[PDB]
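File shown here: input.pdb, holding PDB, C-alpha atoms.
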```pdb
MODEL        1
ATOM      1  CA  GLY A   1     -39.476 -53.210  23.165  1.00  0.00           C
ATOM      2  CA  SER A   2     -36.968 -51.698  20.748  1.00  0.00           C
ATOM      3  CA  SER A   3     -39.699 -50.402  18.437  1.00  0.00           C
ATOM      4  CA  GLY A   4     -38.269 -46.970  17.696  1.00  0.00           C
ATOM      5  CA  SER A   5     -41.347 -44.778  17.334  1.00  0.00           C
ATOM      6  CA  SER A   6     -39.962 -41.303  16.645  1.00  0.00           C
ATOM      7  CA  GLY A   7     -41.351 -38.703  14.261  1.00  0.00           C
ATOM      8  CA  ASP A   8     -44.288 -36.689  15.577  1.00  0.00           C
ATOM      9  CA  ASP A   9     -41.781 -35.298  18.077  1.00  0.00           C
ATOM     10  CA  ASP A  10     -44.385 -35.432  20.846  1.00  0.00           C
ATOM     11  CA  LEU A  11     -42.533 -37.200  23.659  1.00  0.00           C
ATOM     12  CA  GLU A  12     -40.622 -34.183  24.967  1.00  0.00           C
ATOM     13  CA  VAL A  13     -40.004 -32.186  28.145  1.00  0.00           C
ATOM     14  CA  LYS A  14     -38.972 -28.606  28.905  1.00  0.00           C
ATOM     15  CA  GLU A  15     -37.424 -26.942  31.955  1.00  0.00           C
ATOM     16  CA  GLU A  16     -36.869 -23.602  33.689  1.00  0.00           C
ATOM     17  CA  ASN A  17     -33.596 -22.678  35.394  1.00  0.00           C
ATOM     18  CA  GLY A  18     -33.184 -26.373  36.146  1.00  0.00           C
ATOM     19  CA  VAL A  19     -36.861 -27.011  36.849  1.00  0.00           C
ATOM     20  CA  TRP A  20     -38.210 -29.601  34.415  1.00  0.00           C
ATOM     21  CA  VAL A  21     -41.869 -29.448  33.385  1.00  0.00           C
ATOM     22  CA  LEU A  22     -43.716 -32.773  33.395  1.00  0.00           C
ATOM     23  CA  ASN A  23     -47.308 -33.469  32.356  1.00  0.00           C
ATOM     24  CA  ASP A  24     -49.847 -36.301  32.273  1.00  0.00           C
ATOM     25  CA  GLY A  25     -48.521 -36.763  28.751  1.00  0.00           C
ATOM     26  CA  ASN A  26     -44.835 -36.984  29.637  1.00  0.00           C
ATOM     27  CA  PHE A  27     -45.333 -38.039  33.258  1.00  0.00           C
ATOM     28  CA  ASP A  28     -44.489 -41.736  32.967  1.00  0.00           C
ATOM     29  CA  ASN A  29     -42.403 -41.198  29.832  1.00  0.00           C
ATOM     30  CA  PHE A  30     -40.077 -39.262  32.139  1.00  0.00           C
ATOM     31  CA  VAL A  31     -40.176 -41.308  35.344  1.00  0.00           C
ATOM     32  CA  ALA A  32     -40.092 -44.345  33.057  1.00  0.00           C
ATOM     33  CA  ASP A  33     -36.441 -45.037  33.869  1.00  0.00           C
ATOM     34  CA  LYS A  34     -36.147 -43.016  37.078  1.00  0.00           C
ATOM     35  CA  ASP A  35     -35.595 -44.398  40.579  1.00  0.00           C
ATOM     36  CA  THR A  36     -36.714 -41.165  42.244  1.00  0.00           C
ATOM     37  CA  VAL A  37     -38.484 -38.162  40.724  1.00  0.00           C
ATOM     38  CA  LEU A  38     -39.416 -35.022  42.656  1.00  0.00           C
ATOM     39  CA  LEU A  39     -42.813 -33.603  41.697  1.00  0.00           C
ATOM     40  CA  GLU A  40     -43.815 -30.083  42.733  1.00  0.00           C
ATOM     41  CA  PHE A  41     -47.444 -28.998  42.385  1.00  0.00           C
ATOM     42  CA  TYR A  42     -48.429 -25.345  42.001  1.00  0.00           C
ATOM     43  CA  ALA A  43     -51.090 -22.995  40.637  1.00  0.00           C
ATOM     44  CA  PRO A  44     -51.015 -19.905  38.380  1.00  0.00           C
ATOM     45  CA  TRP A  45     -53.703 -18.251  40.499  1.00  0.00           C
ATOM     46  CA  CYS A  46     -51.697 -18.901  43.664  1.00  0.00           C
ATOM     47  CA  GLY A  47     -49.510 -15.945  44.591  1.00  0.00           C
ATOM     48  CA  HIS A  48     -47.968 -17.724  47.569  1.00  0.00           C
ATOM     49  CA  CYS A  49     -46.216 -19.794  44.901  1.00  0.00           C
ATOM     50  CA  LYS A  50     -44.518 -16.768  43.343  1.00  0.00           C
ATOM     51  CA  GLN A  51     -42.435 -16.407  46.504  1.00  0.00           C
ATOM     52  CA  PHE A  52     -41.441 -20.062  46.151  1.00  0.00           C
ATOM     53  CA  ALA A  53     -40.846 -19.856  42.400  1.00  0.00           C
ATOM     54  CA  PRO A  54     -37.212 -18.793  42.960  1.00  0.00           C
ATOM     55  CA  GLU A  55     -36.936 -20.846  46.150  1.00  0.00           C
ATOM     56  CA  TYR A  56     -37.563 -24.020  44.151  1.00  0.00           C
ATOM     57  CA  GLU A  57     -35.262 -23.304  41.208  1.00  0.00           C
ATOM     58  CA  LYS A  58     -32.365 -22.977  43.653  1.00  0.00           C
ATOM     59  CA  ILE A  59     -33.176 -26.449  44.977  1.00  0.00           C
ATOM     60  CA  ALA A  60     -33.189 -28.052  41.528  1.00  0.00           C
ATOM     61  CA  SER A  61     -29.493 -27.312  41.026  1.00  0.00           C
ATOM     62  CA  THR A  62     -28.708 -28.600  44.517  1.00  0.00           C
ATOM     63  CA  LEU A  63     -30.331 -31.991  43.938  1.00  0.00           C
ATOM     64  CA  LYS A  64     -28.966 -31.753  40.396  1.00  0.00           C
ATOM     65  CA  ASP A  65     -25.301 -32.310  41.251  1.00  0.00           C
ATOM     66  CA  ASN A  66     -26.335 -34.462  44.213  1.00  0.00           C
ATOM     67  CA  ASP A  67     -25.726 -38.193  44.627  1.00  0.00           C
ATOM     68  CA  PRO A  68     -27.558 -40.058  43.599  1.00  0.00           C
ATOM     69  CA  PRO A  69     -28.609 -37.687  40.786  1.00  0.00           C
ATOM     70  CA  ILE A  70     -32.224 -36.529  41.003  1.00  0.00           C
ATOM     71  CA  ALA A  71     -34.401 -34.748  38.443  1.00  0.00           C
ATOM     72  CA  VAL A  72     -36.393 -31.879  39.949  1.00  0.00           C
ATOM     73  CA  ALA A  73     -39.564 -31.064  38.014  1.00  0.00           C
ATOM     74  CA  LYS A  74     -42.868 -29.263  38.569  1.00  0.00           C
ATOM     75  CA  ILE A  75     -46.457 -29.769  37.415  1.00  0.00           C
ATOM     76  CA  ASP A  76     -49.463 -27.460  37.110  1.00  0.00           C
ATOM     77  CA  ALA A  77     -52.114 -29.518  38.900  1.00  0.00           C
ATOM     78  CA  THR A  78     -54.673 -27.039  37.568  1.00  0.00           C
ATOM     79  CA  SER A  79     -53.754 -28.097  34.033  1.00  0.00           C
ATOM     80  CA  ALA A  80     -53.021 -31.710  34.961  1.00  0.00           C
ATOM     81  CA  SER A  81     -56.175 -33.239  36.438  1.00  0.00           C
ATOM     82  CA  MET A  82     -55.194 -36.904  36.159  1.00  0.00           C
ATOM     83  CA  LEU A  83     -51.923 -36.341  38.017  1.00  0.00           C
ATOM     84  CA  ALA A  84     -53.628 -33.977  40.462  1.00  0.00           C
ATOM     85  CA  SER A  85     -56.111 -36.687  41.441  1.00  0.00           C
ATOM     86  CA  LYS A  86     -53.331 -39.283  41.497  1.00  0.00           C
ATOM     87  CA  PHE A  87     -51.591 -37.701  44.489  1.00  0.00           C
ATOM     88  CA  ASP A  88     -54.902 -36.378  45.816  1.00  0.00           C
ATOM     89  CA  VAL A  89     -53.430 -32.898  45.385  1.00  0.00           C
ATOM     90  CA  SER A  90     -56.177 -30.914  47.112  1.00  0.00           C
ATOM     91  CA  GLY A  91     -53.967 -27.886  47.679  1.00  0.00           C
ATOM     92  CA  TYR A  92     -50.867 -25.928  46.698  1.00  0.00           C
ATOM     93  CA  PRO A  93     -48.084 -25.562  46.769  1.00  0.00           C
ATOM     94  CA  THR A  94     -48.008 -29.346  47.141  1.00  0.00           C
ATOM     95  CA  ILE A  95     -44.690 -31.203  47.112  1.00  0.00           C
ATOM     96  CA  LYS A  96     -44.513 -34.934  46.391  1.00  0.00           C
ATOM     97  CA  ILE A  97     -42.019 -37.667  45.512  1.00  0.00           C
ATOM     98  CA  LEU A  98     -42.120 -40.635  43.135  1.00  0.00           C
ATOM     99  CA  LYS A  99     -40.279 -43.831  44.065  1.00  0.00           C
ATOM    100  CA  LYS A 100     -40.183 -46.496  41.352  1.00  0.00           C
ATOM    101  CA  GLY A 101     -43.860 -45.648  40.972  1.00  0.00           C
ATOM    102  CA  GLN A 102     -44.619 -45.021  44.639  1.00  0.00           C
ATOM    103  CA  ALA A 103     -46.105 -41.688  45.708  1.00  0.00           C
ATOM    104  CA  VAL A 104     -44.481 -40.431  48.909  1.00  0.00           C
ATOM    105  CA  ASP A 105     -46.410 -37.621  50.595  1.00  0.00           C
ATOM    106  CA  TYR A 106     -44.130 -34.999  52.141  1.00  0.00           C
ATOM    107  CA  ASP A 107     -44.577 -33.460  55.589  1.00  0.00           C
ATOM    108  CA  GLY A 108     -42.627 -30.594  57.127  1.00  0.00           C
ATOM    109  CA  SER A 109     -41.151 -27.162  56.455  1.00  0.00           C
ATOM    110  CA  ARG A 110     -40.811 -26.900  52.676  1.00  0.00           C
ATOM    111  CA  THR A 111     -37.279 -25.487  52.696  1.00  0.00           C
ATOM    112  CA  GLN A 112     -34.217 -25.934  50.486  1.00  0.00           C
ATOM    113  CA  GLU A 113     -32.699 -27.905  53.363  1.00  0.00           C
ATOM    114  CA  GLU A 114     -35.749 -29.901  54.451  1.00  0.00           C
ATOM    115  CA  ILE A 115     -37.183 -30.541  50.987  1.00  0.00           C
ATOM    116  CA  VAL A 116     -33.767 -31.820  49.909  1.00  0.00           C
ATOM    117  CA  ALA A 117     -33.324 -33.960  53.021  1.00  0.00           C
ATOM    118  CA  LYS A 118     -36.431 -36.015  52.255  1.00  0.00           C
ATOM    119  CA  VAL A 119     -35.853 -36.207  48.499  1.00  0.00           C
ATOM    120  CA  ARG A 120     -32.112 -36.871  48.654  1.00  0.00           C
ATOM    121  CA  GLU A 121     -32.956 -39.231  51.516  1.00  0.00           C
ATOM    122  CA  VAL A 122     -35.511 -41.178  49.480  1.00  0.00           C
ATOM    123  CA  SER A 123     -33.241 -41.352  46.433  1.00  0.00           C
ATOM    124  CA  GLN A 124     -31.106 -43.724  48.503  1.00  0.00           C
ATOM    125  CA  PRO A 125     -31.409 -47.411  47.527  1.00  0.00           C
ATOM    126  CA  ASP A 126     -31.722 -48.410  51.183  1.00  0.00           C
ATOM    127  CA  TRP A 127     -34.518 -45.937  51.914  1.00  0.00           C
ATOM    128  CA  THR A 128     -37.913 -47.637  52.130  1.00  0.00           C
ATOM    129  CA  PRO A 129     -41.545 -46.438  52.259  1.00  0.00           C
ATOM    130  CA  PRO A 130     -43.053 -46.469  55.777  1.00  0.00           C
ATOM    131  CA  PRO A 131     -46.370 -48.116  56.741  1.00  0.00           C
ATOM    132  CA  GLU A 132     -49.785 -46.453  56.950  1.00  0.00           C
ATOM    133  CA  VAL A 133     -49.959 -45.952  53.183  1.00  0.00           C
ATOM    134  CA  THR A 134     -52.475 -43.413  51.884  1.00  0.00           C
ATOM    135  CA  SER A 135     -52.954 -44.751  48.356  1.00  0.00           C
ATOM    136  CA  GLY A 136     -51.704 -47.819  46.511  1.00  0.00           C
ATOM    137  CA  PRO A 137     -52.581 -47.878  42.794  1.00  0.00           C
ATOM    138  CA  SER A 138     -51.920 -51.515  41.899  1.00  0.00           C
ATOM    139  CA  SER A 139     -48.421 -50.904  43.260  1.00  0.00           C
ATOM    140  CA  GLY A 140     -46.529 -53.599  41.382  1.00  0.00           C
TER     141      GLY A 140
ENDMDL
END
```

Could you quickly redo this structure as structure tokens?
Amino acid sequence: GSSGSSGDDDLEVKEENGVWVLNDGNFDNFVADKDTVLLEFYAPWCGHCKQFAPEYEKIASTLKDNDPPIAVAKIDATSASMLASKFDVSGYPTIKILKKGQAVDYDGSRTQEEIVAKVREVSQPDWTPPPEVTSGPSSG
């Protein structure tokens, strides 16, 4: 701790209209100090995503000035295999949530209202992960 390894300028992250772009390389580096991180999976060969492209961006801002503050980001499963397999992303668009390192599978109408409800709902410190877990990678 407190090493200070900066130079190659590798550890970075971009965004789009409020939509951050995370990758297996900056995945943890980002969620490192994050209580709740929204991860959105998509594919370049998936047209159905194009219609959501703008639908998502709008959400970002919403959860942006929300409380607690949440960081909305997306990931190209196609490009990110490790992450894709992590949340068993066998389809798209696939929305997921990260809680202190806990993958929370979403279920319901992926809408600006619904999507936010769950996310903003999970961000809460009281919120807790329900039983019947799907995957638990050395959670702890």

May I ask which of the residues A:53, A:99, A:130, A:82 is the closest one to residue 34 of chain A, counting all atoms listed in the file?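 For residue 34 of chain A, the nearest of the given residues is A:99.
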
Can you translate the PyMOL selection byres ((chain A and resi 116) around 10) into the concrete residues it hits in this file, as a PyMOL selection string? chain A and resi 38+59-60+62-63+66+110-115+117-122

Residues within 9 Å of residue 67 of chain A, all atoms listed in the file, excluding chain neighbours under 2 positions, as number ranges by chain: A: 63-65, 69-70, 120, 123-124

Can you work out the spacing between atom CA of residue 61 of chain A and atom CA of residue 32 of chain A in Å, to one decimal?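 Calculated distance between atom CA of residue 61 of chain A and atom CA of residue 32 of chain A is 21.6 Å.
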
Padding of 8 Å on every side, edges along x, y and z, all listed atoms of segment 28-37 of chain A included: what centre and edge lengths in Å, to one decimal, does that box have, as lines of an AutoDock Vina configuration file?
```
center_x = -40.0
center_y = -41.6
center_z = 36.0
size_x = 24.9
size_y = 22.9
size_z = 28.4
```

List the residues selected by the PyMOL selection byres ((chain A and resi 79) around 12) in the file shown, writing them as a PyMOL selection string. chain A and resi 21-25+41-45+74-78+80-85

Could you list, as a ChimeraX atom specification, every residue matched by the PyMOL selection byres ((chain A and resi 102) around 9) in this structure? /A:97-101,103-104,129,136-137,139

Could you take the residues named above and write them with C-alpha atoms, as a PDB file, in the frame of the given file?
```pdb
ATOM      1  CA  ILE A  97     -42.019 -37.667  45.512  1.00  0.00           C
ATOM      2  CA  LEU A  98     -42.120 -40.635  43.135  1.00  0.00           C
ATOM      3  CA  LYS A  99     -40.279 -43.831  44.065  1.00  0.00           C
ATOM      4  CA  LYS A 100     -40.183 -46.496  41.352  1.00  0.00           C
ATOM      5  CA  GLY A 101     -43.860 -45.648  40.972  1.00  0.00           C
ATOM      6  CA  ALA A 103     -46.105 -41.688  45.708  1.00  0.00           C
ATOM      7  CA  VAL A 104     -44.481 -40.431  48.909  1.00  0.00           C
ATOM      8  CA  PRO A 129     -41.545 -46.438  52.259  1.00  0.00           C
ATOM      9  CA  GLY A 136     -51.704 -47.819  46.511  1.00  0.00           C
ATOM     10  CA  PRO A 137     -52.581 -47.878  42.794  1.00  0.00           C
ATOM     11  CA  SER A 139     -48.421 -50.904  43.260  1.00  0.00           C
TER      12      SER A 139
END
```
